[PDB]
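J.: What follows is a structure written as C-alpha cells; I'll ask about it next.
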Amino acid sequence: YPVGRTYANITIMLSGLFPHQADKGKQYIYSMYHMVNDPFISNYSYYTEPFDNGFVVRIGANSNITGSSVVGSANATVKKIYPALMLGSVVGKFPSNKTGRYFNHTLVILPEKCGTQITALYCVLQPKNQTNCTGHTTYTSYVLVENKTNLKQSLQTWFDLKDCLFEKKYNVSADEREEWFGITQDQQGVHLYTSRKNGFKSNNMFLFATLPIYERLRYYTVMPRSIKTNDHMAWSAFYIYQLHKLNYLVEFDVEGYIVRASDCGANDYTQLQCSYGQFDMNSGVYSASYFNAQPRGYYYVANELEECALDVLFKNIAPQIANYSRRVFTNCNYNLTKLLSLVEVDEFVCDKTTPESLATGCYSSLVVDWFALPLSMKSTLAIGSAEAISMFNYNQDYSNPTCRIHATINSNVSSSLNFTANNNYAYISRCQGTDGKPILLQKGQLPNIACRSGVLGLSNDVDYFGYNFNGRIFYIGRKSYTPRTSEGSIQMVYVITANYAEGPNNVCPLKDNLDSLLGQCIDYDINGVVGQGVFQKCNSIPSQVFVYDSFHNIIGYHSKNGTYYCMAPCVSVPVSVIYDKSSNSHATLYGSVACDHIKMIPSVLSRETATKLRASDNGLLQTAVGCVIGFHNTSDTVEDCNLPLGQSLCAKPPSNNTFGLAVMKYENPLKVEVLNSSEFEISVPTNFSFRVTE
Amino acid sequence: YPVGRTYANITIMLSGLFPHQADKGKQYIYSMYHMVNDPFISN
Amino acid sequence: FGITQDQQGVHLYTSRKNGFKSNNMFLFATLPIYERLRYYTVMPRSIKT
Amino acid sequence: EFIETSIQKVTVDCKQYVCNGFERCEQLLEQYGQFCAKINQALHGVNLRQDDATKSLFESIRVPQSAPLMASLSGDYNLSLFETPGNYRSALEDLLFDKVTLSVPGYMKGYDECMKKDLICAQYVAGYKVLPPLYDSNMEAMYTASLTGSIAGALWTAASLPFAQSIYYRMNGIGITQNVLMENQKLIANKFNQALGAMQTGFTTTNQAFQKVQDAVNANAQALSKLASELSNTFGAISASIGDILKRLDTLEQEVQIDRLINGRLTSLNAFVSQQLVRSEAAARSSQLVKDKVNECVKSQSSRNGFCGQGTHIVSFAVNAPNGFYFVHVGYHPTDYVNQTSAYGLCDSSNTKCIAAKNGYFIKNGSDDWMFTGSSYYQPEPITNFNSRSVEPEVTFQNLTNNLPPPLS
Amino acid sequence: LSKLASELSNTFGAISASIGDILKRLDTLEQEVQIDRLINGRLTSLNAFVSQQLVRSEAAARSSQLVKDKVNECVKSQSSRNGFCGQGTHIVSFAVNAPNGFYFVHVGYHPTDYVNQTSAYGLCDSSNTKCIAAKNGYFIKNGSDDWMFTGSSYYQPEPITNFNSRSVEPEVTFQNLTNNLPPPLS
Amino acid sequence: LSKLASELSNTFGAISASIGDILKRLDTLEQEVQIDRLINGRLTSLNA
Ligand SMILES: *[C@@H]1O[C@H](CO)[C@@H](O[C@@H]2O[C@H](CO)[C@@H](O[C@@H]3O[C@H](CO)[C@@H](O)[C@H](O)[C@@H]3O)[C@H](O)[C@H]2NC(C)=O)[C@H](O)[C@H]1NC(C)=O
Ligand SMILES: Nc1nc(=O)c2nc(CNc3ccc(C(=O)N[C@@H](CCC(=O)O)C(=O)O)cc3)cnc2[nH]1
Ligand SMILES: *[C@@H]1O[C@H](CO)[C@@H](O[C@@H]2O[C@H](CO)[C@@H](O)[C@H](O)[C@H]2NC(C)=O)[C@H](O)[C@H]1NC(C)=O
Ligand SMILES: *[C@@H]1O[C@H](CO)[C@@H](O[C@@H]2O[C@H](CO)[C@@H](O)[C@H](O)[C@H]2NC(C)=O)[C@H](O)[C@H]1NC(C)=O
Ligand SMILES: *[C@@H]1O[C@H](CO)[C@@H](O[C@@H]2O[C@H](CO)[C@@H](O)[C@H](O)[C@H]2NC(C)=O)[C@H](O)[C@H]1NC(C)=O
Ligand SMILES: *[C@@H]1O[C@H](CO)[C@@H](O)[C@H](O)[C@H]1NC(C)=O
Ligand SMILES: *[C@@H]1O[C@H](CO)[C@@H](O)[C@H](O)[C@H]1NC(C)=O
Ligand SMILES: *[C@@H]1O[C@H](CO)[C@@H](O)[C@H](O)[C@H]1NC(C)=O
Ligand SMILES: *[C@@H]1O[C@H](CO)[C@@H](O)[C@H](O)[C@H]1NC(C)=O
Ligand SMILES: *[C@@H]1O[C@H](CO)[C@@H](O)[C@H](O)[C@H]1NC(C)=O
Ligand SMILES: *[C@@H]1O[C@H](CO)[C@@H](O)[C@H](O)[C@H]1NC(C)=O
Ligand SMILES: *[C@@H]1O[C@H](CO)[C@@H](O)[C@H](O)[C@H]1NC(C)=O
Ligand SMILES: *[C@@H]1O[C@H](CO)[C@@H](O)[C@H](O)[C@H]1NC(C)=O
Ligand SMILES: *[C@@H]1O[C@H](CO)[C@@H](O)[C@H](O)[C@H]1NC(C)=O
Ligand SMILES: *[C@@H]1O[C@H](CO)[C@@H](O)[C@H](O)[C@H]1NC(C)=O
Ligand SMILES: *[C@@H]1O[C@H](CO)[C@@H](O)[C@H](O)[C@H]1NC(C)=O
Ligand SMILES: *[C@@H]1O[C@H](CO)[C@@H](O)[C@H](O)[C@H]1NC(C)=O
Ligand SMILES: *[C@@H]1O[C@H](CO)[C@@H](O)[C@H](O)[C@H]1NC(C)=O
Ligand SMILES: *[C@@H]1O[C@H](CO)[C@@H](O)[C@H](O)[C@H]1NC(C)=O
C-alpha cells in the first residue's frame, strides 16, 4: 500500500515498487527431523540472492490440504511456517570455500516460540571455530532447529554475536491464513511491511516497523529450518518475489484497500488499460502506448584526439585583471582534472551548466579566461555589479554556458610548478575619454587598448591621470591590489566558457560494441549527442555522421569503422489494441508497418508479445493496414462491423481464441436494366413490414 | 552559412550578419606599372 | 570571401569549401586574435607585365 | 461545388510526445494530473464520432435501386465523366484525386519506406499516427457509382428510364413546352456536351470549387506540421532535448527546465485537441449538408433557387473527393429575353367559366387571338385543355369574344 | 465536470497544491514563484472549460435548429424526402423528451419481397387523340392485352378507373391499343 | 477586441509590463527569465 497518502474508491496510476505479473518467484520448503535423527535441509545457506529494491514474501498459502512430507514418502496436513531471513551488506566465503557468510553488521529476522514473536536483531555474526560449526575446515551448513512447544539460542550455536546494536520484538497471533510480508529500504531505514495491519482482512501490506539500518543491504539468504518431530506433520512453502520499479494501475474500494491492479507492461490489454487509465473498457479499436520501452543498454563513443594544452594556465606569471589572457581550445581532448587538482576551489558560479558536467560533455570550443584577484573582492565579478571591475576590466558574456571558478593555489604547489606573482597588480579604475563620460566595456571583451596601455605603463596608483596614447588623450585611473594571501597562497579566478553546437563537437573529455545491442532500446552517447533509441543496420555522406530529418530528428548514424546504423525512437511503431468486451479477448494491430520489422524488435513490445514472438514464429498476418498478431484469416465478408479495423476491414470477435479477419462487402442494390423499348420494367413490392428508426 | 547547426530542404527564418539588398559596396581595382618602373595605383 | 570576429577569435570564410560547387561560404580558419578589430584597409599592389 | 465532410483521424501517443520515454520527465509529468489518459480519450472519442458519421452518411447515400448500364447506354449526352470503367473510380474521381497535391500515407507498409531508407514520414518520429479511413477507396466509389446509376429514375410516383428521357421529363417540368423538346433534341444534347466539356477543361487554378478541395488538404497538412513542430522548440530551456538537459544540469534546475518544456508540449497537445473538436463540429454540419444536398439534388429536381447550384436546377451528379464529396450541378441558364404581356386569366363576356394558364403565360399574338407559350422558352401555340385549367371567375380577368379558345367555346 | 473539479489537486510543478501549505513552508520571495505556477494552471483550466462550453453551445444551437426541422417535417406532417425522418419511407413519427435533448421514434414503410413487372409511360388508342397516365402507380399488364393498374408500393391488380388516371398530352412513346381499352379511353 | 487590447498591460508576474523597463532594471539572466513570462502571456492572448 502506498504510504504517505491514503486514497478511497478511485482509480489512479502508481509508480512504486511492485513485482511483475506472473512472477513465479523462488519457492523454499522446510522439512522435519528424520524418523539419532538428523536435520533435513535444502542447500539454502549457500545462495546470497541480491536485494534489488527489496522483496516480498508470501508467508503461508498451500495450506489446509493433504501435503507431502519431504523425507521418505508420507502425507500429512500442511501448516504455516514462518521463514527466517538473513540480510547483509557484504558477502564473502567461509573458511571451507562454501559461500553464505555476511561480513560486518547483518540484519537477522527470525521468529520466536512457534511463530508467536518476531525478533529482528541486527549485528555481526562471527563464526565459532568448533567442529562442524561455521568457521572450520569441516563444515556443511548451519541449521536453525527447534522442538515442538527459541530460534536465537539455536543461532548462538553456529555464530557468535558481538557488539550488537538492537533487538526488536514484535507480537504475532498464530493462525493458518495466507500472509504477505515485504521488506524495503529507504533513507529512513529498512521498512518492514505485513498484511496483518488494520485487522487482517486483505492481502494489502502496511508498514509496521522501521529498523534503523543506514547502510544498504545488498544480499539476503534464508536460514534452512527443520523442526524436530515421517507421517506426523507437514510445513508450507513460502515464495519470495522481487520488487521492481514499475507502474501499476490500481483500483481502491470503499474502505480504501487495493482490490485489483494492472501491470502496465505485462499484456497488450494492460498497456491499453494503463494508457487510458481505466479498468472496464468498451469494445473497439484503440491506441495504446509502450510501457515496456525502458532502455536496456548503453553506448558511448567519442573522437580521440591529442590532449589540450591546459598546462599553460600554470606557467609564466599570474596575469593581471587589467591584462588578462584568453585561450581557446579546439580539436583536442581535454582533462579538467589537471586544472582542478592543483587548486583549492572554494567558489564556483555557473549558468546553463554545472562543474560536474563541465568535466564531461563535448563542446565545439573551450574559452578559458584567467587572472589574479583576491577573494575579498569577488563580489565585483558578480552579475549586475556597479564596481569599477565590471565596467572597465572584465564584463562576462552570459549568452553561453560558463563557470567562474574562484580558486587558490598554495605556496608549495605554486613553487613546485613555478607559479609566481611578484610584480604590481592593478586594474583600470577609470577609462574616460576627452569627453566627460566613461567608456564602458562590452560583454566578453578584453580591456580597451588605450586605457590598458596607459595603466600597464604606470607603476603608482593615481585616479585621474592624463594619458596621451596616440592622438586623442584618454584620462585614466589606476588602482592596485594584492592577490597573494598573507599565508603565501595565490588567489586566482578562472572563467571557462563552453560552446555547444550541433556540428562535429570535436573537443571531448579525455578517457583511457553496438552490434551486440541492435534492436533494443539503449542510452546512446555519441560525440556529445545523448538520447534514447533502438539501432538497426541500414544501407548507407559518411563524414557528417548524423543524418538528420527536416524536423532535425536524427534518423541514422555513420560509424567510424564504415558501417551505417539506422536509429529510430523506442516508441515509433504505432500499436492499436482490438479489445472485445463480451469475449474478454484482445488483439494487436501494428499499423502501417511491414511484418518483417516487428520480428526484429521484440524487446520494446509488451512482456507477453515478446515471449510469443521469441518462441518460434507464426501468428502474424499481413493485412492492408499493418501486421496483426492474434488474428486468423477467414475469407468471410460482412455488411456491418462493430470493430472497424481500417480500409474496409473488419475484426470478428471469437465465440483457438483468435479474432476473425473479415472484410466489408458492398451490398449491391436490386439491379434494374434500362429499356430500349417503350415498355419499362418496374420493381413493385408484394409484402411489407413496419420498421422503426430511433 | 549559419555555423553550429545545418539545415536541409527547409525554409527557416534566420538571423545574423548579412549584407543588405542592392548594396554596391566599394569597388577596388589593381593595375600594373604605368606606361616597367613606376607602379600605378590609387590612394 | 568573408571575415567575422567573435568572442572565440577571428573567423575566416570562403566559398571554396565542400568542392566549390556553390556561392555559400563556410568557415575554414579561426585566427587567435582576441583584440577586437576596428578598422580595415586595402593594400595596393601591381603585378608585372 | 465541394463540401468537406471528413476530418483527419489521428491518434497521438501522449507519453512519447511529451517525455520521449525519459523516466525523469515521466516523474515530473505525474504532477500535472492524468493528462495522457484524458488526451487519449478525447482523440478516441472524436475518431469514433467520425466513424459513426461516415457510416451514417454512406447509409443515407445508399439507394435501394440502380441501373449500372444507364450511364453507358445513353444518347448524345457524353456522360463518360461519371462512367465506371483494379480501380473502381470514375473519370472525375480519378481527376480529382490526381490533380490535388495529396500525399496518401502508406497504410500497408509505409514504415518500410519512411524509415529504413514529409508528414506521412514524420509521424514515426513525432509520436502520432494518421488512422486509415473507414472505407476503402474502391468501396466508396461503388456507392458513388450506384448513386450515379440511380439518377434517371422516374420523377413522378422503382422505375428505370434512359438518361435522355429523364432529362426530357426534367426540362418539361422546368417550363419548356412539349413541342420544343421534340424539335430541339439534337440541339439540347449538343448544348449539354458543351457545358460538360467546359467543366472538364476548367480544372485549373481558375475555379474556386477545386481550390476548396486543395485548401482542405492544406489545412490538414498545416495542422499536422504544427503538431510536429513543437518537438524542436525549447520554450526558454537550454535545449529541446530532455537528455541533454539531464546531462548538463543539476537535479534542482532540471525540474525547472523540464517543466518549462512540459508546459509547451501540453499547450501544443491541448490546442490540437481543441482544433480537432472544432473541425469535428464543422464536419458534422457539412455531413448534414451533404445528406440534404444528395437527397434533394441528386435524387430529385429543385424548386428553390440557389440551392443545388445557381440558375434553375435540372440534374446533379455527386462524386467522391479527397476529404469530402464533390457535386456537379447542371442548371438552366437562359440568355436572350423577349418582353411580352399576358393576363391572369382569360374568358368570355358572360363570365360563366374562366380558365388560367398552366406552366406558362397567355401571350397575345397581335391585337387578338391569344396564344400560349412556355414559361422558359418562347413558342406560341393554340390554347389546349392540357395547358389550362378551369378556375374561379375574377374581376381582373380579360373579357374576349372575337376568338374563343376551344376550352372557352 | 470531472476535468473542472479534479485539477484543483494538481501542483503544476509547485511543492504542493494547497496555498496555505505554500504560505507556511516558504519565504515571501519563493511564495510568488510557486503561487504563480499554481495560478497559471487554474487559469488554463478555467479558460479550457469556457472554450469547451462555447463549442458545446455551438453544437446545441445547430442541434436545436435540427430538432425544429425534425419536428416540423416529421411529427406534425409526414415527409416526402428519403433518409430524413428515419430510413425507409416515412409514415409517422413520435417525439419524446430525452435527458440532454429529444428522442424521435420514426416509423417507416419497409418492403420485403418484390415482383418484377413491365409498364408504360402512357396508355391510349390507335387514334392517339387523348391519352392517360397512371396516378400513384404503374400500368401493369397481365398478358397479351388488358392493361390494369396497381399501387406503387403494393401489388394489387385493379381495373383502370378515372380517379386513378389523369388525362395527359399524347406522346410518341405511348402505347397503342384497341382490344380491351379501359373506360377512360373508350 | 477589448480582451485583445487590454491584456498588453498585464505583467503576468513580471516586475513590469514594459520590456524596456525590464531591460533597464534587471541583469541579463533575470531579463531572460522575466521577459519569457510576458511572452507566454502574449502568446496565450493571441492563441485565444
Ligand atoms: C587527468 O589528469 C589527472 C592528473 O594528472 C590524471 O590522474 C593521474 O592518473 C595517473 C594514472 O593512474 C596516476 O598515476 C598513478 O600513480 C600511482 C602512484 O602515485 C601509481 O601507483 C599508479 O600505477 C599510477 O601510475 C596519477 O596519480 C593521477 N594523478 C592524480 C592527481 O590523480 C588522470 O589520469 C588524467 N585523465 C586521464 C583520462 O588520463
Ligand atoms: N510438504 C508440502 N508443503 C507444501 O507447501 C505443499 N503445497 C502443496 C500445494 N500444491 C499445489 C498444487 C496445485 C497448485 C495450483 O494449481 N496452483 C496454480 C495457481 C492457481 C491457484 O491455485 O491459486 C498454479 O499456478 O500452479 C498449487 C499448489 C502440496 N503439497 C505440499 N506439501
Ligand atoms: C567490516 O569488517 C572488517 C573486518 O572484517 C572491519 O575491519 C576491521 O576494523 C577494525 C577496526 O578499525 C580493525 O581493528 C581490524 O584490524 C579490521 N580488520 C580487517 C580485516 O580489516 C571493518 O572495520 C568493518 N567495517 C566497518 C564499517 O566497521
Ligand atoms: C484454513 O482454515 C482456516 C479456518 O478453518 C481459515 O481461517 C479463516 O479464514 C477466513 C478467510 O477470510 C476468515 O474469514 C476466518 O476468520 C478464518 N478463521 C479463523 C479461525 O482464523 C484459513 O484462511 C484457511 N487457510 C487458507 C489458506 O485458506
Ligand atoms: C599582457 O598580456 C599579453 C598576453 O597575455 C602579453 O603579451 C605577451 O608578451 C610576451 C612577452 O612580452 C610574448 O612572448 C607573448 O607572445 C605575448 N602574447 C600575446 C598574446 O601577445 C603582454 O606582455 C602583457 N603585458 C604586459 C605589460 O606584461
Ligand atoms: C464507490 O464507487 C462506486 C462507483 O465506482 C459507487 O457506486 C459507490 O457509491 C462508491 N462508494 C461510496 C461509499 O461512495
Ligand atoms: C579452499 O581453497 C583453498 C585455495 O582456493 C585450498 O587451499 C583449500 O584446500 C580449500 N579447502 C577446501 C576445504 O576445499
Ligand atoms: C581454528 O582452530 C584451529 C586449531 O584450534 C586452527 O588451526 C584454525 O586455524 C582455526 N581457524 C580459525 C578460522 O580460526
Ligand atoms: C529439544 O529437546 C531436547 C531434550 O528434550 C534437547 O536436547 C534439544 O536441544 C531440544 N531442541 C532444541 C532446543 O532445538
Ligand atoms: C508482546 O507480548 C508480550 C507477552 O504477551 C508482552 O509482554 C508485550 O508487552 C507485547 N508487546 C507488544 C508491543 O504488544
Ligand atoms: C609544504 O611542504 C613542506 C615539506 O613537506 C611542509 O613542511 C609544509 O608544511 C608544506 N606547506 C604547508 C602549507 O603545509
Ligand atoms: C622552475 O625554474 C627553475 C629555474 O631554473 C628551473 O630549474 C625549474 O626546472 C623550473 N621548474 C618548472 C616546473 O618549470
Ligand atoms: C541494401 O541494398 C542491397 C542491394 O540491393 C539489398 O539487397 C538490401 O536488401 C538492402 N538493405 C536494406 C536494409 O535496404
Ligand atoms: C485471406 O484469404 C483470402 C483467400 O484465401 C485471400 O484473398 C486474402 O488475401 C487472405 N488475407 C490475408 C491477410 O492473407
Ligand atoms: C411477408 O413476409 C413475412 C416474413 O417473411 C411472412 O411471415 C408473411 O407471411 C409474408 N406475407 C405475405 C402476404 O406473403
Ligand atoms: C525537398 O526534397 C524533395 C525530395 O528530395 C524534393 O522533391 C523537393 O523539391 C525538395 N524541396 C521542397 C521545397 O520540398
Ligand atoms: C466524350 O468526351 C471525351 C473527352 O471529354 C472524349 O474523349 C469522348 O470521345 C467523348 N465521347 C463522345 C461520344 O463524344
Ligand atoms: C370583365 O367583365 C366583368 C363583368 O362585366 C367585369 O366585372 C370585369 O371587370 C371585366 N374585366 C375587365 C378586364 O374589364
Ligand atoms: C402509337 O401510334 C403513334 C401514331 O401512329 C406512333 O407515333 C407511336 O410511335 C405509336 N406507339 C408505339 C409504342 O409504337
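Starting from 1 in every chain, residues are counted up; chains themselves are A, B, ... following the order of the C-alpha cells, and ligands are numbered from 1 as listed.
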Within 12 Å of ligand 2 (counting only C-alpha atoms and all ligand atoms), which residues show up? I'd like them as a ChimeraX atom specification.
T.: /A:22-25,27-32,58-82,178,230-239
J.: Please give me, as a short mmCIF file (atom, residue, chain, number, x, y, z; two decimals) with N, CA, C and O atoms, in the first residue's frame, the residues lying within 9 Å of ligand 8 when counting only C-alpha atoms and all ligand atoms.
T.:
data_model
loop_
_atom_site.label_atom_id
_atom_site.label_comp_id
_atom_site.auth_asym_id
_atom_site.auth_seq_id
_atom_site.Cartn_x
_atom_site.Cartn_y
_atom_site.Cartn_z
N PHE A 94 33.07 -18.62 3.75
CA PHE A 94 33.50 -19.29 4.96
C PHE A 94 34.88 -19.91 4.73
O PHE A 94 35.29 -20.11 3.58
N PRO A 95 35.63 -20.24 5.81
CA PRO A 95 36.90 -20.96 5.64
C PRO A 95 36.72 -22.45 5.32
O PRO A 95 37.39 -23.31 5.89
N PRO A 127 31.89 -16.36 13.08
CA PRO A 127 31.87 -17.83 13.13
C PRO A 127 32.60 -18.37 14.34
O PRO A 127 33.58 -17.80 14.83
N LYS A 128 32.11 -19.51 14.84
CA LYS A 128 32.63 -20.14 16.05
C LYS A 128 33.51 -21.32 15.65
O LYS A 128 33.01 -22.32 15.13
N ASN A 129 34.81 -21.20 15.92
CA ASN A 129 35.78 -22.21 15.50
C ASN A 129 35.63 -23.46 16.36
O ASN A 129 36.33 -23.66 17.36
N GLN A 130 34.70 -24.31 15.96
CA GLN A 130 34.49 -25.60 16.61
C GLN A 130 34.44 -26.69 15.54
O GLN A 130 34.75 -26.43 14.38
N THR A 131 34.05 -27.90 15.92
CA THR A 131 33.90 -28.99 14.97
C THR A 131 32.51 -28.93 14.35
O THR A 131 31.51 -28.87 15.07
N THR A 134 30.26 -23.26 11.87
CA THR A 134 30.80 -22.31 10.91
C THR A 134 32.15 -21.79 11.38
O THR A 134 32.30 -21.42 12.55
N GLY A 135 33.12 -21.74 10.48
CA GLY A 135 34.44 -21.26 10.81
C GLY A 135 35.53 -22.32 10.86
O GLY A 135 36.65 -22.00 11.27
N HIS A 136 35.23 -23.55 10.47
CA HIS A 136 36.19 -24.64 10.49
C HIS A 136 36.42 -25.14 9.07
O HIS A 136 35.71 -24.77 8.13
N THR A 137 37.45 -25.98 8.91
CA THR A 137 37.72 -26.58 7.61
C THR A 137 36.70 -27.65 7.25
O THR A 137 36.52 -27.93 6.06
#
J.: Please, which residues of chain A lie no more than 8 Å from chain B when the count uses only C-alpha atoms, and can they be set out as a list in words?
T.: residues 500, 501, 502, 503, 549, 550 and 552 of chain A
J.: Using N, CA, C and O atoms, can you export the residues from the last selection as a PDB file, in the first residue's frame?
T.:
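Final output, saved to result.pdb:
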ATOM      1  N   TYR A 500      28.374  25.020 -27.099  1.00  0.00           N
ATOM      2  CA  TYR A 500      27.700  23.856 -27.648  1.00  0.00           C
ATOM      3  C   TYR A 500      27.172  24.172 -29.040  1.00  0.00           C
ATOM      4  O   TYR A 500      26.765  25.300 -29.330  1.00  0.00           O
ATOM      5  N   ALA A 501      27.177  23.161 -29.901  1.00  0.00           N
ATOM      6  CA  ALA A 501      26.639  23.298 -31.246  1.00  0.00           C
ATOM      7  C   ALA A 501      26.230  21.922 -31.744  1.00  0.00           C
ATOM      8  O   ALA A 501      26.543  20.900 -31.130  1.00  0.00           O
ATOM      9  N   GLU A 502      25.522  21.911 -32.869  1.00  0.00           N
ATOM     10  CA  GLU A 502      25.073  20.676 -33.496  1.00  0.00           C
ATOM     11  C   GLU A 502      26.084  20.124 -34.493  1.00  0.00           C
ATOM     12  O   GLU A 502      25.786  19.144 -35.182  1.00  0.00           O
ATOM     13  N   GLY A 503      27.268  20.723 -34.579  1.00  0.00           N
ATOM     14  CA  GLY A 503      28.268  20.306 -35.531  1.00  0.00           C
ATOM     15  C   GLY A 503      29.021  19.064 -35.099  1.00  0.00           C
ATOM     16  O   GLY A 503      28.450  18.122 -34.539  1.00  0.00           O
ATOM     17  N   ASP A 549      16.701  14.881 -40.198  1.00  0.00           N
ATOM     18  CA  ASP A 549      15.411  14.985 -40.858  1.00  0.00           C
ATOM     19  C   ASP A 549      15.098  16.471 -41.018  1.00  0.00           C
ATOM     20  O   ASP A 549      15.818  17.330 -40.501  1.00  0.00           O
ATOM     21  N   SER A 550      14.033  16.781 -41.765  1.00  0.00           N
ATOM     22  CA  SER A 550      13.607  18.169 -41.927  1.00  0.00           C
ATOM     23  C   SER A 550      13.192  18.800 -40.602  1.00  0.00           C
ATOM     24  O   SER A 550      13.299  20.020 -40.437  1.00  0.00           O
ATOM     25  N   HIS A 552      14.817  18.169 -37.912  1.00  0.00           N
ATOM     26  CA  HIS A 552      16.062  17.988 -37.154  1.00  0.00           C
ATOM     27  C   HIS A 552      15.975  16.815 -36.179  1.00  0.00           C
ATOM     28  O   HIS A 552      16.436  16.894 -35.039  1.00  0.00           O
TER      29      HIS A 552
END
J.: Residues contacting ligand 7 - anything with an atom at most 7 Å away, using only C-alpha atoms and all ligand atoms - can you give me those as a count of residues only?
T.: 4
J.: Quick one: residues within 8 Å of ligand 17, with only C-alpha atoms and all ligand atoms, as a short mmCIF file (atom, residue, chain, number, x, y, z; two decimals) with N, CA and C atoms, in the first residue's frame?
T.:
data_model
loop_
_atom_site.label_atom_id
_atom_site.label_comp_id
_atom_site.auth_asym_id
_atom_site.auth_seq_id
_atom_site.Cartn_x
_atom_site.Cartn_y
_atom_site.Cartn_z
N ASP D 76 -26.71 11.22 -77.20
CA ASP D 76 -25.55 12.07 -77.45
C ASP D 76 -25.04 12.75 -76.18
N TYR D 77 -25.68 12.52 -75.04
CA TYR D 77 -25.19 13.04 -73.77
C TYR D 77 -23.91 12.32 -73.40
N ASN D 78 -22.77 13.00 -73.54
CA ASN D 78 -21.47 12.42 -73.22
C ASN D 78 -21.34 12.37 -71.70
N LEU D 79 -21.79 11.26 -71.13
CA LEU D 79 -21.80 11.06 -69.68
C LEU D 79 -20.61 10.21 -69.23
N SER D 80 -19.52 10.23 -69.99
CA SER D 80 -18.37 9.39 -69.71
C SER D 80 -17.53 9.89 -68.54
N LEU D 81 -17.79 11.10 -68.05
CA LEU D 81 -17.05 11.59 -66.89
C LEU D 81 -17.45 10.85 -65.62
N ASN D 193 -23.38 18.75 -73.91
CA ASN D 193 -21.99 18.31 -74.02
C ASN D 193 -21.01 19.47 -73.98
N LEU D 196 -20.51 20.35 -70.27
CA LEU D 196 -19.68 19.35 -69.59
C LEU D 196 -18.23 19.41 -70.05
N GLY D 197 -17.99 19.69 -71.33
CA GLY D 197 -16.62 19.86 -71.80
C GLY D 197 -15.94 21.09 -71.21
N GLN D 200 -14.95 20.18 -67.84
CA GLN D 200 -13.78 19.31 -67.89
C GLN D 200 -12.49 20.10 -68.11
#
J.: List the spatial neighbours of residue 198 of chain A as a ChimeraX atom specification - criterion: any atom at most 12 Å away, only C-alpha atoms, same-chain residues fewer than 6 positions off excluded.
T.: /A:204-208,255-257
J.: Please identify the residues whose atoms come within 9 Å of ligand 13, using only C-alpha atoms and all ligand atoms, and report them as a short mmCIF file (atom, residue, chain, number, x, y, z; two decimals) with C-alpha atoms, in the first residue's frame.
T.:
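For reference, part_25.cif as written:
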data_model
loop_
_atom_site.label_atom_id
_atom_site.label_comp_id
_atom_site.auth_asym_id
_atom_site.auth_seq_id
_atom_site.Cartn_x
_atom_site.Cartn_y
_atom_site.Cartn_z
CA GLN A 536 19.40 -1.41 -36.87
CA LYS A 537 21.74 -1.96 -39.82
CA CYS A 538 20.53 0.02 -42.85
CA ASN A 539 22.19 0.70 -46.18
CA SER A 540 24.37 3.81 -46.31
CA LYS D 116 14.93 2.20 -43.35
CA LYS D 117 15.81 4.37 -46.36
#
J.: Which protein, DNA or RNA residues have an atom within 12 Å of ligand 6, counting only C-alpha atoms and all ligand atoms, as a PDB file with N, CA and C atoms, in the first residue's frame?
T.:
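Okay, this is what ended up in part-v4.pdb:
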ATOM      1  N   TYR A   7      -5.960   6.776  -0.286  1.00  0.00           N
ATOM      2  CA  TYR A   7      -6.982   7.004  -1.295  1.00  0.00           C
ATOM      3  C   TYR A   7      -8.223   6.181  -0.970  1.00  0.00           C
ATOM      4  N   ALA A   8      -9.341   6.520  -1.597  1.00  0.00           N
ATOM      5  CA  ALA A   8     -10.550   5.731  -1.389  1.00  0.00           C
ATOM      6  C   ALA A   8     -11.444   5.710  -2.611  1.00  0.00           C
ATOM      7  N   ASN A   9     -11.862   4.521  -3.023  1.00  0.00           N
ATOM      8  CA  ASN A   9     -12.795   4.410  -4.141  1.00  0.00           C
ATOM      9  C   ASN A   9     -12.426   5.241  -5.367  1.00  0.00           C
ATOM     10  N   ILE A  10     -11.166   5.202  -5.788  1.00  0.00           N
ATOM     11  CA  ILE A  10     -10.751   5.896  -7.005  1.00  0.00           C
ATOM     12  C   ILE A  10      -9.916   4.930  -7.840  1.00  0.00           C
ATOM     13  N   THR A  11      -9.372   5.428  -8.950  1.00  0.00           N
ATOM     14  CA  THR A  11      -8.520   4.635  -9.836  1.00  0.00           C
ATOM     15  C   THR A  11      -7.428   5.545 -10.382  1.00  0.00           C
ATOM     16  N   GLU A 251      -6.904   0.076  -8.281  1.00  0.00           N
ATOM     17  CA  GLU A 251      -8.301   0.428  -8.056  1.00  0.00           C
ATOM     18  C   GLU A 251      -8.619   0.211  -6.586  1.00  0.00           C
ATOM     19  N   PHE A 252      -8.965   1.286  -5.886  1.00  0.00           N
ATOM     20  CA  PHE A 252      -9.292   1.216  -4.470  1.00  0.00           C
ATOM     21  C   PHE A 252     -10.784   0.977  -4.274  1.00  0.00           C
ATOM     22  N   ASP A 253     -11.127   0.365  -3.157  1.00  0.00           N
ATOM     23  CA  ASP A 253     -12.513   0.076  -2.901  1.00  0.00           C
ATOM     24  C   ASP A 253     -13.084   1.075  -1.945  1.00  0.00           C
ATOM     25  N   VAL A 254     -14.203   0.771  -1.299  1.00  0.00           N
ATOM     26  CA  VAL A 254     -14.874   1.787  -0.488  1.00  0.00           C
ATOM     27  C   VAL A 254     -14.152   2.031   0.835  1.00  0.00           C
ATOM     28  N   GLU A 255     -13.480   1.021   1.390  1.00  0.00           N
ATOM     29  CA  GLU A 255     -12.689   1.207   2.601  1.00  0.00           C
ATOM     30  C   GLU A 255     -11.221   1.489   2.296  1.00  0.00           C
ATOM     31  N   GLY A 256     -10.910   1.874   1.063  1.00  0.00           N
ATOM     32  CA  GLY A 256      -9.562   2.271   0.692  1.00  0.00           C
ATOM     33  C   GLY A 256      -8.535   1.161   0.670  1.00  0.00           C
ATOM     34  N   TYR A 257      -8.909  -0.016   0.181  1.00  0.00           N
ATOM     35  CA  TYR A 257      -7.992  -1.132   0.016  1.00  0.00           C
ATOM     36  C   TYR A 257      -7.847  -1.444  -1.466  1.00  0.00           C
ATOM     37  N   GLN A 278      -8.149   3.269 -17.181  1.00  0.00           N
ATOM     38  CA  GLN A 278      -9.480   2.726 -16.967  1.00  0.00           C
ATOM     39  C   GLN A 278      -9.385   1.211 -16.924  1.00  0.00           C
ATOM     40  N   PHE A 279     -10.189   0.596 -16.060  1.00  0.00           N
ATOM     41  CA  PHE A 279     -10.207  -0.857 -15.938  1.00  0.00           C
ATOM     42  C   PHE A 279     -11.245  -1.483 -16.865  1.00  0.00           C
ATOM     43  N   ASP A 280     -12.510  -1.108 -16.700  1.00  0.00           N
ATOM     44  CA  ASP A 280     -13.586  -1.665 -17.508  1.00  0.00           C
ATOM     45  C   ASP A 280     -13.692  -0.890 -18.813  1.00  0.00           C
TER      46      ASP A 280
END
